[PDB]
């Protein structure tokens, strides 16, 4: 499923260690494209954290941070403030190619895919989440 999006990546960052991508079986996976330098990301990130804390278990999803930062040494610091997963900084090429695959032209952007099938569920969750904090229309399926 996720192989399409992260070709040959087996592990993702979580806190100070890693998890296997296999642990995402059955979940909806949101790729969160953001960066420490991005002005609109500052206000969006805490809204996403609130939604994640409330619903990641009950609505069975995960968030994978896909960085647009180009300084590693800030990466630790920026990801440290998030509760979810991340593509490792050294796998930035995979992030860039994923950004292109999804035609991400600006950040923040939040795209949800089904882990098992790889199917795209929503490409507009950054816009829809701010208008639906209780997730009454989650997962905001694309037409």
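We call the rigid core the largest set of C-alpha positions that still match within 1.5 Å between the two forms. Residue numbers count along the first chain shown, from 1.
message: Using the rigid core for superposition, please say which stretch has the greater CA deviation in 4 other deposited structures of this protein, 73-81 or 90-98.
response: After superposing on the rigid core, the more displaced stretch in 4 other deposited structures of this protein is 73-81.
task: Read off the CA B-factors in the entry, average them over 56-64 and over 73-81, and name the higher stretch.
output: In the deposited entry, the stretch with the higher C-alpha B-factor mean is 73-81.
message: Tell me which stretch, 14-22 or 128-136, has the higher mean Cα B-factor listed in the entry.
response: It is 14-22.
Selection by C-alpha B-factor (highest) of 92, 99, 117, 109: That would be 92.
- request: Could you say whether, by C-alpha temperature factor, residue 40 belongs to the lowest, middle or highest third of its chain?
  value: Middle third.
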